[PDB]
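*Asks:* My structure is in model10.cif, and what it holds is mmCIF, C-alpha atoms and all ligand atoms:
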```cif
data_upload
#
loop_
_atom_site.group_PDB
_atom_site.id
_atom_site.type_symbol
_atom_site.label_atom_id
_atom_site.label_comp_id
_atom_site.auth_asym_id
_atom_site.auth_seq_id
_atom_site.Cartn_x
_atom_site.Cartn_y
_atom_site.Cartn_z
ATOM 1 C CA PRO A 1 69.914 83.267 68.346
ATOM 2 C CA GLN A 2 66.795 83.009 66.251
ATOM 3 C CA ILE A 3 64.680 86.139 66.525
ATOM 4 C CA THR A 4 61.072 86.290 65.507
ATOM 5 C CA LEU A 5 59.457 89.580 64.459
ATOM 6 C CA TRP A 6 56.119 89.706 66.306
ATOM 7 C CA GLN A 7 57.709 92.538 68.255
ATOM 8 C CA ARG A 8 60.480 95.027 67.465
ATOM 9 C CA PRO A 9 63.852 93.266 67.512
ATOM 10 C CA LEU A 10 65.459 95.379 70.192
ATOM 11 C CA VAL A 11 68.692 94.063 71.642
ATOM 12 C CA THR A 12 71.168 95.246 74.225
ATOM 13 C CA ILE A 13 74.555 96.069 72.749
ATOM 14 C CA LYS A 14 77.972 96.390 74.333
ATOM 15 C CA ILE A 15 79.919 99.338 72.871
ATOM 16 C CA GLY A 16 82.381 101.907 74.149
ATOM 17 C CA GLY A 17 82.385 100.391 77.643
ATOM 18 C CA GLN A 18 78.638 101.055 77.873
ATOM 19 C CA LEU A 19 75.330 99.284 77.348
ATOM 20 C CA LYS A 20 72.805 100.634 74.878
ATOM 21 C CA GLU A 21 69.603 99.321 73.284
ATOM 22 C CA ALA A 22 69.345 99.216 69.510
ATOM 23 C CA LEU A 23 66.990 97.868 66.854
ATOM 24 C CA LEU A 24 68.173 95.235 64.376
ATOM 25 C CA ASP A 25 67.084 97.023 61.215
ATOM 26 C CA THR A 26 67.577 95.231 57.911
ATOM 27 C CA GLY A 27 66.093 98.336 56.244
ATOM 28 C CA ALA A 28 69.002 100.415 57.406
ATOM 29 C CA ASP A 29 72.223 100.413 55.457
ATOM 30 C CA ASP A 30 74.252 101.851 58.323
ATOM 31 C CA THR A 31 74.529 101.644 62.090
ATOM 32 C CA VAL A 32 73.521 104.857 63.865
ATOM 33 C CA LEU A 33 73.617 105.442 67.617
ATOM 34 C CA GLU A 34 73.031 108.180 70.142
ATOM 35 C CA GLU A 35 75.806 110.399 71.404
ATOM 36 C CA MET A 36 78.691 108.637 72.992
ATOM 37 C CA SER A 37 82.485 108.706 73.066
ATOM 38 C CA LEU A 38 84.363 106.344 70.812
ATOM 39 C CA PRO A 39 88.031 106.056 69.894
ATOM 40 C CA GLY A 40 89.629 107.058 66.645
ATOM 41 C CA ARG A 41 89.625 109.817 64.101
ATOM 42 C CA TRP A 42 86.096 110.614 62.993
ATOM 43 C CA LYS A 43 84.746 112.574 60.061
ATOM 44 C CA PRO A 44 81.293 114.084 59.571
ATOM 45 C CA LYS A 45 78.768 112.206 57.440
ATOM 46 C CA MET A 46 75.375 113.358 56.122
ATOM 47 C CA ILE A 47 72.803 110.539 56.328
ATOM 48 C CA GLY A 48 69.222 109.998 55.246
ATOM 49 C CA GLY A 49 68.292 111.847 52.093
ATOM 50 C CA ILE A 50 64.556 111.327 52.009
ATOM 51 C CA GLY A 51 63.269 114.741 53.111
ATOM 52 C CA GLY A 52 66.656 115.980 54.216
ATOM 53 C CA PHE A 53 69.791 114.842 56.015
ATOM 54 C CA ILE A 54 71.294 114.757 59.466
ATOM 55 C CA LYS A 55 74.968 115.029 60.274
ATOM 56 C CA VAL A 56 76.639 112.340 62.338
ATOM 57 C CA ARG A 57 80.219 111.407 63.207
ATOM 58 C CA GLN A 58 81.572 108.389 61.370
ATOM 59 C CA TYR A 59 83.847 106.157 63.480
ATOM 60 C CA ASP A 60 85.437 103.211 61.689
ATOM 61 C CA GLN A 61 86.718 99.867 63.023
ATOM 62 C CA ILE A 62 84.698 100.041 66.232
ATOM 63 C CA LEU A 63 84.115 96.924 68.258
ATOM 64 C CA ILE A 64 80.594 95.994 69.239
ATOM 65 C CA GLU A 65 78.989 93.071 70.941
ATOM 66 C CA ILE A 66 75.434 92.022 70.067
ATOM 67 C CA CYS A 67 73.696 89.266 71.984
ATOM 68 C CA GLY A 68 77.170 88.010 72.826
ATOM 69 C CA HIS A 69 78.432 88.068 69.248
ATOM 70 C CA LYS A 70 81.331 90.451 68.636
ATOM 71 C CA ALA A 71 81.825 92.457 65.509
ATOM 72 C CA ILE A 72 83.971 95.248 64.113
ATOM 73 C CA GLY A 73 82.714 97.941 61.807
ATOM 74 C CA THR A 74 81.637 101.530 61.274
ATOM 75 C CA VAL A 75 79.377 103.191 63.847
ATOM 76 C CA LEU A 76 77.751 106.536 63.074
ATOM 77 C CA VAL A 77 77.242 108.641 66.210
ATOM 78 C CA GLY A 78 74.940 111.625 66.701
ATOM 79 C CA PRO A 79 71.371 112.932 67.285
ATOM 80 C CA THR A 80 69.547 109.929 65.930
ATOM 81 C CA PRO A 81 66.006 109.609 67.203
ATOM 82 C CA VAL A 82 66.358 105.811 66.840
ATOM 83 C CA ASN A 83 69.345 103.547 67.674
ATOM 84 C CA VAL A 84 69.722 101.075 64.875
ATOM 85 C CA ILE A 85 72.025 98.234 64.035
ATOM 86 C CA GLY A 86 72.132 98.355 60.227
ATOM 87 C CA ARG A 87 73.205 95.829 57.588
ATOM 88 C CA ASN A 88 76.839 96.858 57.820
ATOM 89 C CA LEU A 89 77.158 95.269 61.271
ATOM 90 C CA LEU A 90 74.490 92.603 60.713
ATOM 91 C CA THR A 91 76.682 91.041 58.032
ATOM 92 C CA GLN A 92 79.613 91.081 60.390
ATOM 93 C CA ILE A 93 77.835 88.971 62.955
ATOM 94 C CA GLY A 94 76.532 86.611 60.274
ATOM 95 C CA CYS A 95 72.920 87.658 60.612
ATOM 96 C CA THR A 96 70.573 86.486 57.860
ATOM 97 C CA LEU A 97 66.871 86.613 57.063
ATOM 98 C CA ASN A 98 65.395 83.081 56.910
ATOM 99 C CA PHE A 99 62.045 81.635 55.932
ATOM 100 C CA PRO B 1 65.464 81.144 51.456
ATOM 101 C CA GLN B 2 68.383 82.398 53.480
ATOM 102 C CA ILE B 3 69.140 86.030 52.713
ATOM 103 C CA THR B 4 72.384 87.695 53.599
ATOM 104 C CA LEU B 5 72.581 91.464 54.133
ATOM 105 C CA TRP B 6 75.665 92.604 52.194
ATOM 106 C CA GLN B 7 73.163 94.307 49.915
ATOM 107 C CA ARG B 8 69.629 95.624 50.427
ATOM 108 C CA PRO B 9 67.194 92.715 50.721
ATOM 109 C CA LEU B 10 64.975 93.653 47.819
ATOM 110 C CA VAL B 11 62.537 91.008 46.657
ATOM 111 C CA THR B 12 59.870 90.778 44.005
ATOM 112 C CA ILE B 13 56.387 90.433 45.446
ATOM 113 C CA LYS B 14 53.154 89.192 43.929
ATOM 114 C CA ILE B 15 50.184 91.339 45.020
ATOM 115 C CA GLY B 16 46.961 92.559 43.466
ATOM 116 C CA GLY B 17 47.637 90.688 40.219
ATOM 117 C CA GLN B 18 50.847 92.702 39.794
ATOM 118 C CA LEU B 19 54.565 92.429 40.468
ATOM 119 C CA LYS B 20 56.308 94.975 42.654
ATOM 120 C CA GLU B 21 59.722 95.229 44.325
ATOM 121 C CA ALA B 22 59.895 95.758 48.069
ATOM 122 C CA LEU B 23 62.512 95.801 50.819
ATOM 123 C CA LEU B 24 62.362 93.289 53.672
ATOM 124 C CA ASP B 25 62.592 95.779 56.521
ATOM 125 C CA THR B 26 62.733 94.415 60.055
ATOM 126 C CA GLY B 27 62.864 98.050 61.231
ATOM 127 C CA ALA B 28 59.413 98.669 59.873
ATOM 128 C CA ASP B 29 56.386 97.701 61.892
ATOM 129 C CA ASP B 30 54.042 97.835 58.912
ATOM 130 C CA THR B 31 53.971 97.015 55.220
ATOM 131 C CA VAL B 32 53.717 100.088 52.987
ATOM 132 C CA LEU B 33 53.508 100.063 49.194
ATOM 133 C CA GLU B 34 53.067 102.435 46.298
ATOM 134 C CA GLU B 35 49.690 103.219 44.817
ATOM 135 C CA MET B 36 47.748 100.281 43.571
ATOM 136 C CA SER B 37 44.223 98.876 43.594
ATOM 137 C CA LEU B 38 43.334 96.312 46.207
ATOM 138 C CA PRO B 39 40.034 94.769 47.258
ATOM 139 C CA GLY B 40 38.083 95.522 50.380
ATOM 140 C CA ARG B 41 36.956 98.396 52.514
ATOM 141 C CA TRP B 42 39.876 100.633 53.401
ATOM 142 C CA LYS B 43 40.286 103.349 55.992
ATOM 143 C CA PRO B 44 42.880 106.122 56.171
ATOM 144 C CA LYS B 45 45.872 105.674 58.470
ATOM 145 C CA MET B 46 48.524 108.212 59.520
ATOM 146 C CA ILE B 47 51.986 106.599 59.637
ATOM 147 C CA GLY B 48 55.468 107.632 60.683
ATOM 148 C CA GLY B 49 55.528 110.116 63.521
ATOM 149 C CA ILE B 50 59.173 111.088 63.572
ATOM 150 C CA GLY B 51 59.080 114.545 61.970
ATOM 151 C CA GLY B 52 55.509 114.220 60.798
ATOM 152 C CA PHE B 53 53.104 111.727 59.263
ATOM 153 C CA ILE B 54 51.846 110.592 55.901
ATOM 154 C CA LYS B 55 48.373 109.316 55.166
ATOM 155 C CA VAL B 56 47.923 105.932 53.544
ATOM 156 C CA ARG B 57 45.001 103.584 52.914
ATOM 157 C CA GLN B 58 44.861 100.567 55.191
ATOM 158 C CA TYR B 59 43.677 97.361 53.476
ATOM 159 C CA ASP B 60 43.292 94.311 55.704
ATOM 160 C CA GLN B 61 43.431 90.581 54.885
ATOM 161 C CA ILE B 62 45.318 91.069 51.627
ATOM 162 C CA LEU B 63 47.111 88.166 50.040
ATOM 163 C CA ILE B 64 50.744 88.533 49.100
ATOM 164 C CA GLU B 65 53.396 86.245 47.777
ATOM 165 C CA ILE B 66 57.055 86.775 48.689
ATOM 166 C CA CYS B 67 59.771 84.660 47.127
ATOM 167 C CA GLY B 68 57.071 82.062 46.565
ATOM 168 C CA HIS B 69 55.785 82.129 50.134
ATOM 169 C CA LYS B 70 52.176 83.274 50.489
ATOM 170 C CA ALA B 71 50.863 85.352 53.319
ATOM 171 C CA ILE B 72 47.771 87.269 54.372
ATOM 172 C CA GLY B 73 47.833 90.530 56.244
ATOM 173 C CA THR B 74 47.432 94.294 56.243
ATOM 174 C CA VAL B 75 48.952 96.320 53.401
ATOM 175 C CA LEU B 76 49.146 100.105 53.655
ATOM 176 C CA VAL B 77 48.895 101.785 50.244
ATOM 177 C CA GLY B 78 49.887 105.325 49.278
ATOM 178 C CA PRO B 79 52.694 107.808 48.418
ATOM 179 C CA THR B 80 55.493 105.956 50.126
ATOM 180 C CA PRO B 81 58.919 106.847 48.811
ATOM 181 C CA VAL B 82 60.043 103.296 49.709
ATOM 182 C CA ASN B 83 58.180 99.966 49.283
ATOM 183 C CA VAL B 84 58.704 97.955 52.407
ATOM 184 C CA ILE B 85 57.646 94.594 53.700
ATOM 185 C CA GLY B 86 57.394 95.194 57.455
ATOM 186 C CA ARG B 87 57.301 92.843 60.449
ATOM 187 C CA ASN B 88 53.558 92.354 60.177
ATOM 188 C CA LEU B 89 53.971 90.301 56.992
ATOM 189 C CA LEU B 90 57.442 88.970 57.841
ATOM 190 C CA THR B 91 55.944 87.075 60.773
ATOM 191 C CA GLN B 92 53.289 85.658 58.515
ATOM 192 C CA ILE B 93 55.813 84.057 56.221
ATOM 193 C CA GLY B 94 57.846 82.778 59.166
ATOM 194 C CA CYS B 95 60.787 85.074 58.585
ATOM 195 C CA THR B 96 63.326 85.288 61.407
ATOM 196 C CA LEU B 97 66.672 86.938 62.075
ATOM 197 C CA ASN B 98 69.386 84.303 62.677
ATOM 198 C CA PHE B 99 73.006 84.406 63.752
HETATM 199 N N1 LIG C 101 63.975 100.700 58.555
HETATM 200 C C1 LIG C 101 64.845 101.651 57.857
HETATM 201 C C2 LIG C 101 64.289 103.009 58.280
HETATM 202 O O1 LIG C 101 64.810 103.184 59.604
HETATM 203 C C3 LIG C 101 65.619 104.224 59.873
HETATM 204 O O2 LIG C 101 65.856 105.018 58.982
HETATM 205 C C4 LIG C 101 66.248 104.454 61.242
HETATM 206 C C5 LIG C 101 66.749 105.905 61.409
HETATM 207 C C6 LIG C 101 68.119 106.215 61.389
HETATM 208 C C7 LIG C 101 68.575 107.620 61.447
HETATM 209 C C8 LIG C 101 67.641 108.649 61.517
HETATM 210 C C9 LIG C 101 66.198 108.340 61.458
HETATM 211 C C10 LIG C 101 65.213 109.452 61.476
HETATM 212 C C11 LIG C 101 63.845 109.169 61.441
HETATM 213 C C12 LIG C 101 63.355 107.774 61.377
HETATM 214 C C13 LIG C 101 64.289 106.725 61.350
HETATM 215 C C14 LIG C 101 65.746 107.008 61.318
HETATM 216 N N1 LIG C 102 60.597 117.517 57.331
HETATM 217 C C1 LIG C 102 61.925 116.982 57.621
HETATM 218 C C2 LIG C 102 61.681 115.503 57.878
HETATM 219 O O1 LIG C 102 62.702 114.922 57.026
HETATM 220 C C3 LIG C 102 63.574 114.030 57.503
HETATM 221 O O2 LIG C 102 63.384 113.628 58.634
HETATM 222 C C4 LIG C 102 64.721 113.534 56.651
HETATM 223 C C5 LIG C 102 65.628 112.470 57.282
HETATM 224 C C6 LIG C 102 66.948 112.793 57.674
HETATM 225 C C7 LIG C 102 67.823 111.786 58.291
HETATM 226 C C8 LIG C 102 67.404 110.469 58.424
HETATM 227 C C9 LIG C 102 66.067 110.084 57.914
HETATM 228 C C10 LIG C 102 65.627 108.666 58.075
HETATM 229 C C11 LIG C 102 64.357 108.280 57.621
HETATM 230 C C12 LIG C 102 63.450 109.286 57.029
HETATM 231 C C13 LIG C 102 63.844 110.632 56.902
HETATM 232 C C14 LIG C 102 65.185 111.059 57.389
HETATM 233 N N1 LIG C 103 63.975 100.700 58.555
HETATM 234 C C1 LIG C 103 62.787 101.331 59.138
HETATM 235 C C2 LIG C 103 62.791 102.725 58.515
HETATM 236 O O1 LIG C 103 62.279 102.500 57.195
HETATM 237 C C3 LIG C 103 61.140 103.101 56.806
HETATM 238 O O2 LIG C 103 60.592 103.859 57.585
HETATM 239 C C4 LIG C 103 60.510 102.879 55.436
HETATM 240 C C5 LIG C 103 59.495 103.987 55.083
HETATM 241 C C6 LIG C 103 58.110 103.747 55.099
HETATM 242 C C7 LIG C 103 57.152 104.846 54.858
HETATM 243 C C8 LIG C 103 57.620 106.134 54.619
HETATM 244 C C9 LIG C 103 59.070 106.415 54.681
HETATM 245 C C10 LIG C 103 59.552 107.806 54.480
HETATM 246 C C11 LIG C 103 60.922 108.078 54.516
HETATM 247 C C12 LIG C 103 61.908 107.002 54.760
HETATM 248 C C13 LIG C 103 61.449 105.689 54.958
HETATM 249 C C14 LIG C 103 59.994 105.393 54.992
HETATM 250 N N1 LIG C 104 60.597 117.517 57.331
HETATM 251 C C1 LIG C 104 59.585 116.478 57.156
HETATM 252 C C2 LIG C 104 60.386 115.187 57.100
HETATM 253 O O1 LIG C 104 59.643 114.383 58.054
HETATM 254 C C3 LIG C 104 59.195 113.167 57.729
HETATM 255 O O2 LIG C 104 59.556 112.716 56.661
HETATM 256 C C4 LIG C 104 58.302 112.392 58.674
HETATM 257 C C5 LIG C 104 57.892 110.985 58.223
HETATM 258 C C6 LIG C 104 56.561 110.719 57.827
HETATM 259 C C7 LIG C 104 56.158 109.377 57.381
HETATM 260 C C8 LIG C 104 57.054 108.317 57.421
HETATM 261 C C9 LIG C 104 58.421 108.550 57.942
HETATM 262 C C10 LIG C 104 59.377 107.403 57.967
HETATM 263 C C11 LIG C 104 60.684 107.602 58.435
HETATM 264 C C12 LIG C 104 61.118 108.951 58.856
HETATM 265 C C13 LIG C 104 60.234 110.046 58.805
HETATM 266 C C14 LIG C 104 58.846 109.853 58.301
#
```
Once you've parsed the file, please lay out its structure as structure tokens.
Ligand SMILES: NCCOC(=O)Cc1cccc2ccccc12
Ligand SMILES: NCCOC(=O)Cc1cccc2ccccc12
Ligand SMILES: NCCOC(=O)Cc1cccc2ccccc12
Ligand SMILES: NCCOC(=O)Cc1cccc2ccccc12
*Replies:*
Amino acid sequence: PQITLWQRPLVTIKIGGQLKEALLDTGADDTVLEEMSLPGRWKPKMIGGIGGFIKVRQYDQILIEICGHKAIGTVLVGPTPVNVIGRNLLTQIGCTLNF
Amino acid sequence: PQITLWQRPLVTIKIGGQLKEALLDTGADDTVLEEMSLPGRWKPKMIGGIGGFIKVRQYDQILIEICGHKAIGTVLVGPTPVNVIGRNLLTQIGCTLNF
């Protein structure tokens, strides 16, 4: 797709057998989502840094589907106030900024 | 240009007769930059909301040049820890997300 930015670029994502909504956020390095169960061995990760950090669970090699494009990569899971698709998974689906 | 997202999409911007570096941040609604002098009548604006707010000066109809594309729009100026080009000015230069 080609997505304009008049409004927030919210998309529905397929992940862990469930549907969530997430923001395509080029300003985010990583992908962070609300609590859910995913497969694999996870380890804690401290994220943020500007004003403090929050702890999330890092799950690697997770499969996601965005707008019907599949990708594999790291998903951070925990109390995020905002579900974001970050650059790590944007690259995987071949998403670029164009003007 | 077409910008991939392996790395942070930092660009040099021309604004207020000066050069700054800013991040193209589709996750940001507004454009927020470090202290500088701009023309016009400004009014204070509280931004953020998640954990608190910071106060910035809102300058409207400011001219900016990004990667050699010019645009006019609102620039928020103040103590931001991160210079970001938000969706308000991304739309102006015709920037889209593509995959
Ligand atoms: N556009 C990059 C900034 O966008 C984010 O950083 C998303 C996000 C991810 C994890 C925690 C957060 C907490 C507060 C506010 C945004 C947060
Ligand atoms: N007064 C505490 C507010 O401080 C924070 O909220 C830090 C923080 C922690 C995790 C993720 C973030 C994302 C964006 C911006 C700040 C973030
Ligand atoms: N990707 C959207 C989240 O990106 C931002 O929100 C940029 C930004 C703008 C103003 C103040 C901030 C304070 C802390 C952390 C990021 C901030
Ligand atoms: N403990 C205070 C940390 O709380 C904040 O830092 C709130 C805040 C204010 C302005 C801009 C933001 C942008 C992203 C994330 C939080 C932001």
*Asks:* Could you name the residues that touch residue 59 (chain B) at 9 Å or less, counting all atoms listed in the file, but leaving out those on the same chain fewer than 3 positions away, as a list in words?
*Replies:*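 Surrounding residues, per the criterion: residues 38, 39, 40, 41, 42, 43, 62, 73, 74, 75, 76 and 77 of chain B.
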*Asks:* Show me which residues sit within 6 Å of ligand LIG 104 (chain C) when counting all atoms listed in the file, and put them as a compact mmCIF listing (two decimals) with C-alpha atoms, keeping the file's coordinate frame.
*Replies:*
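Okay, this is what ended up in result-v5.txt:
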```txt
# COMPACT_ATOMS: atom_id res chain seq x y z
CA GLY A 51 63.27 114.74 53.11
CA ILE B 47 51.99 106.60 59.64
CA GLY B 48 55.47 107.63 60.68
CA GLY B 49 55.53 110.12 63.52
CA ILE B 50 59.17 111.09 63.57
CA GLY B 51 59.08 114.54 61.97
CA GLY B 52 55.51 114.22 60.80
CA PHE B 53 53.10 111.73 59.26
CA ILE B 54 51.85 110.59 55.90
```
*Asks:* For ligand LIG 103 (chain C), collect every residue having any atom at a distance of at most 6 Å from a ligand atom (counting all atoms listed in the file); output as a PDB file with C-alpha atoms, keeping the file's coordinate frame.
*Replies:*
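Done, and the output landed in out19.pdb:
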```pdb
ATOM      1  CA  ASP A  25      67.084  97.023  61.215  1.00  0.00           C
ATOM      2  CA  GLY A  27      66.093  98.336  56.244  1.00  0.00           C
ATOM      3  CA  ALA A  28      69.002 100.415  57.406  1.00  0.00           C
ATOM      4  CA  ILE A  50      64.556 111.327  52.009  1.00  0.00           C
TER       5      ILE A  50
ATOM      6  CA  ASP B  25      62.592  95.779  56.521  1.00  0.00           C
ATOM      7  CA  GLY B  27      62.864  98.050  61.231  1.00  0.00           C
ATOM      8  CA  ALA B  28      59.413  98.669  59.873  1.00  0.00           C
ATOM      9  CA  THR B  80      55.493 105.956  50.126  1.00  0.00           C
ATOM     10  CA  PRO B  81      58.919 106.847  48.811  1.00  0.00           C
ATOM     11  CA  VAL B  82      60.043 103.296  49.709  1.00  0.00           C
TER      12      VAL B  82
END
```
*Asks:* If the PyMOL selection byres ((chain A) within 7 of (chain B)) is run on the structure shown, which residues does it catch, given as a PyMOL selection string?
*Replies:* chain A and resi 1-6+23-27+87+90-91+93-99
*Asks:* Do you have the CA of residue 12 (chain B)-CA of residue 35 (chain B) distance handy?
*Replies:*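 So the two atoms, CA of residue 12 (chain B) and CA of residue 35 (chain B), lie 16.1 Å apart.
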*Asks:* Evaluate the PyMOL selection byres (((chain A and resi 56) around 6) and not hetatm) here and jot the selected residues down as a list in words.
*Replies:*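 Selected by the PyMOL selection byres (((chain A and resi 56) around 6) and not hetatm) here: residues 44, 45, 55, 57, 76, 77 and 78 of chain A.
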*Asks:* Could you do a least-squares fit of chain A on chain B over every C-alpha atom, in sequence order, and give the output as a short mmCIF file (atom, residue, chain, number, x, y, z; two decimals) with C-alpha atoms, in the frame of the given file?
*Replies:*
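Generated output (out34.cif):
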```cif
data_model
loop_
_atom_site.label_atom_id
_atom_site.label_comp_id
_atom_site.auth_asym_id
_atom_site.auth_seq_id
_atom_site.Cartn_x
_atom_site.Cartn_y
_atom_site.Cartn_z
CA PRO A 1 65.46 81.14 51.46
CA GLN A 2 68.38 82.40 53.48
CA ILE A 3 69.14 86.03 52.71
CA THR A 4 72.38 87.70 53.60
CA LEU A 5 72.58 91.46 54.13
CA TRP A 6 75.66 92.60 52.19
CA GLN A 7 73.16 94.31 49.91
CA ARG A 8 69.63 95.62 50.43
CA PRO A 9 67.19 92.72 50.72
CA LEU A 10 64.97 93.65 47.82
CA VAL A 11 62.54 91.01 46.66
CA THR A 12 59.87 90.78 44.00
CA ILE A 13 56.39 90.43 45.45
CA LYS A 14 53.15 89.19 43.93
CA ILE A 15 50.18 91.34 45.02
CA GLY A 16 46.96 92.56 43.47
CA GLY A 17 47.64 90.69 40.22
CA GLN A 18 50.85 92.70 39.79
CA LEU A 19 54.56 92.43 40.47
CA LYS A 20 56.31 94.98 42.65
CA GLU A 21 59.72 95.23 44.33
CA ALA A 22 59.90 95.76 48.07
CA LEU A 23 62.51 95.80 50.82
CA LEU A 24 62.36 93.29 53.67
CA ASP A 25 62.59 95.78 56.52
CA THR A 26 62.73 94.41 60.06
CA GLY A 27 62.86 98.05 61.23
CA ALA A 28 59.41 98.67 59.87
CA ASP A 29 56.39 97.70 61.89
CA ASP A 30 54.04 97.84 58.91
CA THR A 31 53.97 97.02 55.22
CA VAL A 32 53.72 100.09 52.99
CA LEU A 33 53.51 100.06 49.19
CA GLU A 34 53.07 102.43 46.30
CA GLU A 35 49.69 103.22 44.82
CA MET A 36 47.75 100.28 43.57
CA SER A 37 44.22 98.88 43.59
CA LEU A 38 43.33 96.31 46.21
CA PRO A 39 40.03 94.77 47.26
CA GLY A 40 38.08 95.52 50.38
CA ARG A 41 36.96 98.40 52.51
CA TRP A 42 39.88 100.63 53.40
CA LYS A 43 40.29 103.35 55.99
CA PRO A 44 42.88 106.12 56.17
CA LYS A 45 45.87 105.67 58.47
CA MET A 46 48.52 108.21 59.52
CA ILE A 47 51.99 106.60 59.64
CA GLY A 48 55.47 107.63 60.68
CA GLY A 49 55.53 110.12 63.52
CA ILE A 50 59.17 111.09 63.57
CA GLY A 51 59.08 114.54 61.97
CA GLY A 52 55.51 114.22 60.80
CA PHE A 53 53.10 111.73 59.26
CA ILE A 54 51.85 110.59 55.90
CA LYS A 55 48.37 109.32 55.17
CA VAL A 56 47.92 105.93 53.54
CA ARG A 57 45.00 103.58 52.91
CA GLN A 58 44.86 100.57 55.19
CA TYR A 59 43.68 97.36 53.48
CA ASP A 60 43.29 94.31 55.70
CA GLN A 61 43.43 90.58 54.88
CA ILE A 62 45.32 91.07 51.63
CA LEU A 63 47.11 88.17 50.04
CA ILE A 64 50.74 88.53 49.10
CA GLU A 65 53.40 86.24 47.78
CA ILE A 66 57.06 86.77 48.69
CA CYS A 67 59.77 84.66 47.13
CA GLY A 68 57.07 82.06 46.56
CA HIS A 69 55.78 82.13 50.13
CA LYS A 70 52.18 83.27 50.49
CA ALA A 71 50.86 85.35 53.32
CA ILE A 72 47.77 87.27 54.37
CA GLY A 73 47.83 90.53 56.24
CA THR A 74 47.43 94.29 56.24
CA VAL A 75 48.95 96.32 53.40
CA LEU A 76 49.15 100.11 53.65
CA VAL A 77 48.89 101.79 50.24
CA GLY A 78 49.89 105.33 49.28
CA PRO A 79 52.69 107.81 48.42
CA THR A 80 55.49 105.96 50.13
CA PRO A 81 58.92 106.85 48.81
CA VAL A 82 60.04 103.30 49.71
CA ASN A 83 58.18 99.97 49.28
CA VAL A 84 58.70 97.95 52.41
CA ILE A 85 57.65 94.59 53.70
CA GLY A 86 57.39 95.19 57.45
CA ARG A 87 57.30 92.84 60.45
CA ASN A 88 53.56 92.35 60.18
CA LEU A 89 53.97 90.30 56.99
CA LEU A 90 57.44 88.97 57.84
CA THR A 91 55.94 87.08 60.77
CA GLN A 92 53.29 85.66 58.52
CA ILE A 93 55.81 84.06 56.22
CA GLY A 94 57.85 82.78 59.17
CA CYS A 95 60.79 85.07 58.59
CA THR A 96 63.33 85.29 61.41
CA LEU A 97 66.67 86.94 62.07
CA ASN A 98 69.39 84.30 62.68
CA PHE A 99 73.01 84.41 63.75
#
```
*Asks:* Once 6 Å is added on each side, what centre and edge lengths in Å to one decimal does the axis-aligned box around all listed atoms of ligand LIG 101 (chain C) have, as lines of an AutoDock Vina configuration file?
*Replies:*
```
center_x = 66.0
center_y = 105.1
center_z = 59.7
size_x = 17.2
size_y = 20.8
size_z = 15.7
```
*Asks:* Can you list, as a list in words, the residues that the PyMOL selection byres (((chain B and resi 64) around 8) and not hetatm) selects here?
*Replies:*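 With the shown file as input, the PyMOL selection byres (((chain B and resi 64) around 8) and not hetatm) matches residues 13, 14, 15, 16, 62, 63, 65, 66, 70, 71, 72 and 73 of chain B.
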*Asks:* How about saving the chosen residues, C-alpha atoms kept, as a PDB file, in the frame of the given file?
*Replies:*
```
ATOM      1  CA  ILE B  13      56.387  90.433  45.446  1.00  0.00           C
ATOM      2  CA  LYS B  14      53.154  89.192  43.929  1.00  0.00           C
ATOM      3  CA  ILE B  15      50.184  91.339  45.020  1.00  0.00           C
ATOM      4  CA  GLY B  16      46.961  92.559  43.466  1.00  0.00           C
ATOM      5  CA  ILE B  62      45.318  91.069  51.627  1.00  0.00           C
ATOM      6  CA  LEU B  63      47.111  88.166  50.040  1.00  0.00           C
ATOM      7  CA  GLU B  65      53.396  86.245  47.777  1.00  0.00           C
ATOM      8  CA  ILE B  66      57.055  86.775  48.689  1.00  0.00           C
ATOM      9  CA  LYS B  70      52.176  83.274  50.489  1.00  0.00           C
ATOM     10  CA  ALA B  71      50.863  85.352  53.319  1.00  0.00           C
ATOM     11  CA  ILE B  72      47.771  87.269  54.372  1.00  0.00           C
ATOM     12  CA  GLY B  73      47.833  90.530  56.244  1.00  0.00           C
TER      13      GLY B  73
END
```
